[PDB]
Amino acid sequence: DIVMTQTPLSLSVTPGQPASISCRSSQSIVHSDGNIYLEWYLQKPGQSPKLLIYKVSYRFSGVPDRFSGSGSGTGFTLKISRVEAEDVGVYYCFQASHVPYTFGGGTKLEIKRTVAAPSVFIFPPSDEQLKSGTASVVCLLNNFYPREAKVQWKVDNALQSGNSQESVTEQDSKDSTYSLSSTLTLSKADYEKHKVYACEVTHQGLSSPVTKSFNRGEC
Amino acid sequence: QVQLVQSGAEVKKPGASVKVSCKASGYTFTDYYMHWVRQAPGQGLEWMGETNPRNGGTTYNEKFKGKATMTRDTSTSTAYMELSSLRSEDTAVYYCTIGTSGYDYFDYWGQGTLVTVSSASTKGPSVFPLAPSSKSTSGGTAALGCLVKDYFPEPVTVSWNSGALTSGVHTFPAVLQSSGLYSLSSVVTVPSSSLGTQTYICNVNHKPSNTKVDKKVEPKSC
Ligand SMILES: Cn1c(CNc2ccc(C(=N)N)cc2)nc2cc(C(=O)N(CCC(=O)O)c3ccccn3)ccc21
């Protein structure tokens with residue numbers, strides 16, 4: 001089988017700056033018809049791969065001019081002359097010159113935008129969940145950059161441990177930011193023992209931590 | 001108008017079978033070979049094989065021989081991918097794709113199908129509103145959402161107002177609860193001025209359990 005070695009594994013580029021993704025076949029990839037069937041695809045999380053380049057250097061219809069492909073023998077390159085927010089995701093080179101057709105390992109492109117502070121939001125548990133004997137409190141950290149953000153759950157100013165779960169979005173294709181959702185889950189019995197439910201947020205965009213809170217019984 | 005519509009996510013038991021479908025429209029089904037691509041965790045993308053829709057002729061990737069069976073139904077314009085001897089390594093997103101310019105490229109792809117291999121039982125989600133309040137406001141904006149808990153297996157899809165609300169929507173990757181069930185949140189930022197006139201409904205779909213939950217999210221007084 002043809003092994004397609006893609007380098008680097010990850011890339012971080014400021015918009016308006018160039019990017020280069022390299023692909024290396026373990027053997028030659030000239031099809032019996034004389035064409036090198038080498039393609040480049042862009043995949044965003046949750047979405048299907050999208051065609052960019054084919055036959056090494058041909059740009060597919062509707063693909064912007066900034067994307068170009070080149071190569072010879074075993075070495076092939078995808079070039080993005082000026083990176084834009086919409087370019088985020090995983091790039092894959094692919095060969096269909098020899099059966100079985102094979103993809104490269106992928107290269108994740110990250111956009112290196114300006115520092116953006118998160119907007120903090122808190123949500124109390126719903127009456128419907130409380131009826132089942134559980135209370136989940138959600139803290140939202142919206143549209144921030146860089147990705148590194150710290151959430152600390154405080155109940156009546158007491159730091160929580162082992163009762164929360166969090167998830168971060170993939171990078172946004174329009175504003176190049178990340179969003180974070182954290183869920184504090186405790187039994188209805190423990191929930192009803194306290195007043196102040198707070199999520200304390202730390203991020204490079206904040207000069208000091210931001211606390212967002214609500215008081216049980218006020219909702 | 002070319003479209004490749006794949007069947008919903010499925011959960012199957014170890015050693016059992018799964019049959020994934022790919023309904024084609026907007027073109028003459030028999031004019032282009034149908035390909036199957038696997039997106040498995042830590043495996044990137046892998047071409048499984050191609051099917052000639054005119055004669056049912058197949059060319060498999062050796063890795064998927066005896067494991068995968070490709071067929072098509074010209075009457076309904078539907079390609080099929082069947083996997084047997086199911087194991088944890090088969091838990092992946094499966095895509096069908098076509099090339100309309102000979103062997104040059106894959107220009108059309110299906111939306112993907114998540115197949116989960118597990119002995120565990122299917123469990124529908126618990127949908128809770130994330131009510132907007134003074135504690136979820138920021139510079140004239142209000143955040144709201146839906147908390148989707150205790151479901152199995154993945155995925156759950158979330159839309160708002162039947163797909164008519166997409167701007168400011170963040171649907172987060174699921175987290176795994178200690179019980180082995182999944183939880184996700186879906187949020188949206190809207191004008192805080194129109195919470196009285198706009199209706200906000202999160203549409204939660206969980207194909208393995210055949211569940212569709214439309215939760216209206218109402219404001220609170222925090
Ligand atoms: C192997 N193969 C592919 C693979 N597709 C592919 C797409 C994209 C890529 C890629 N991504 N590079 C890689 C591969 N497409 C083919 C079309 C023909 C063709 O000549 N005929 C007419 C033959 C008759 O009936 O006489 C045909 C047409 C429609 C249906 C059946 N046969 C033959 C062989 C083909």
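No hydrogens, no waters, no symmetry mates; every other heavy atom, side chains included, goes into these values. Numbered from 1 within each chain, the chains take letters A, B, ... in sequence-line order.
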**Message:** For a quick check under 3.5 Å, do B:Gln111 and A:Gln47 share a side-chain donor-acceptor pair by atom type?
**Reply:**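 No donor-acceptor contact under 3.5 Å links the two side chains.
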
**B:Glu46 side chain to A:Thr102 backbone, donor-acceptor under 3.5 Å** =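 Pair absent, no side-chain N/O of B:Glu46 close to backbone of A:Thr102.
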
Given that the side chain runs from C-beta out, which part of [X] has a heavy atom under 4.5 Å from chain A: side chain, backbone, both or neither?
| X | value |
| --- | --- |
| B:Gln177 | both |
| B:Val93 | neither |
| B:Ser178 | neither |
| B:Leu147 | side chain |
| B:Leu114 | neither |
| B:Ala131 | backbone |

Can you confirm whether [X] is buried at [atom1], in the sense that more than 12 heavy atoms of other residues, nucleotides or ligands lie under 6.0 Å from that atom?
| X | atom1 | value |
| --- | --- | --- |
| A:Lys55 | NZ | yes |
| A:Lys131 | NZ | no |
| B:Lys207 | NZ | no |
| A:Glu192 | CD | yes |
| A:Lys50 | NZ | no |
| A:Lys108 | NZ | no |

Leading residue by heavy atom contact count with chain B [cutoff under 4.5 Å; candidates [options]]:
| options | answer |
| --- | --- |
| A:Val168, A:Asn35, A:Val90 | A:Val168 |
| A:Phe94, A:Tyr92, A:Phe214 | A:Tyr92 |
| A:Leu38, A:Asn142, A:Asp172 | A:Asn142 |

Most contacts with chain A, counted as non-hydrogen pairs under 4.5 angstrom, among [options]:
| options | answer |
| --- | --- |
| B:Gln43, B:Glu50, B:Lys63 | B:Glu50 |
| B:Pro129, B:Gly110, B:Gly49 | B:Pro129 |
| B:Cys222, B:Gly44, B:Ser134, B:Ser183 | B:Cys222 |

Would you call [X] and [Y] a side-chain contact if the rule is heavy atoms closer than 4.5 Å?
| X | Y | result |
| --- | --- | --- |
| B:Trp109 | A:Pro49 | yes |
| A:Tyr41 | B:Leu45 | no |
| A:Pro124 | B:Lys220 | yes |
| A:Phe121 | B:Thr189 | yes |

**Request:** Applying side chain to side chain contact (heavy atoms under 4.5 Å, CB included), run through A:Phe60 and B:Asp107 and close with a yes or a no.
**Result:** CA-CA 9 Å; A:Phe60 181 61; B:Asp107 46 335; 3.8 Å; yes

**Request:** Return the minimal non-hydrogen interatomic distance between B:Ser136 and A:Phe123, and the atom names on each side.
**Result:**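 For B:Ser136 versus A:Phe123, the nearest heavy atoms are CB-CE2, 3.7 Å.
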
**Request:** Measure across B:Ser221 and A:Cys219 and return the closest heavy-atom pair with its distance rounded to 0.1 Å.
**Result:**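 Closest approach of B:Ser221 to A:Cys219, heavy atoms only: OG-C, 3.7 Å.
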
**Asked** What part of A:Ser61 gets closer than 4.5 Å to chain B, counting heavy atoms only: side chain, backbone, both or neither?
**Response**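 Neither the backbone nor the side chain of A:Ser61 comes within 4.5 Å of chain B.
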
**Asked** Between A:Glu166 and chain B, which part of the residue has a heavy atom less than 4.5 Å away: side chain, backbone, both or neither?
**Response**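 Just its backbone gets close to chain B.
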
Between [atom1] of [X] and [atom2] of [Y], what distance do you get to the nearest 0.5 Å?
| X | Y | atom1 | atom2 | value |
| --- | --- | --- | --- | --- |
| A:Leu130 | B:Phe128 | CG | CZ | 9.5 Å |
| A:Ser132 | B:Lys149 | OG | NZ | 10.0 Å |
| B:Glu218 | A:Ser126 | CD | OG | 12.5 Å |

**Message:** Given B:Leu130, which partner from the list A:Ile122, A:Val138, A:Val137, A:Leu140 fulfils the side-chain contact (heavy atoms from CB on, under 4.5 Å) test?
**Reply:**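 The residue from A:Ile122, A:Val138, A:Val137, A:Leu140 that satisfies side-chain contact (heavy atoms from CB on, under 4.5 Å) with B:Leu130 turns out to be A:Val138.
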
**Request:** Enumerate by number any residue of residues 94-105 of chain B whose heavy atoms lie under 4.5 Å from heavy atoms of chain A; in the absence of such residues, state 'none'.
**Result:**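 Result: B:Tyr95, B:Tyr103, B:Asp104, B:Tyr105.
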
**Close approach to chain A in residues 150-173 of chain B, criterion heavy atom under 4.5 Å** =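 At a heavy-atom separation under 4.5 Å, chain A is reached by B:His170, B:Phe172, B:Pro173.
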
**Message:** Salt bridge check, B:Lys215 against A:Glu128: does any charged N sit closer than 4.0 Å to a carboxylate O?
**Reply:**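 Counted as a salt bridge, because a side-chain N and a carboxylate O are separated by less than 4.0 Å.
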
**Mutual orientation of the aromatic rings belonging to A:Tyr101 and B:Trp47 [parallel < 30°, tilted 30-60°, perpendicular > 60°]** =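 Tilted, since the angle between the ring planes falls between 30° and 60°.
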
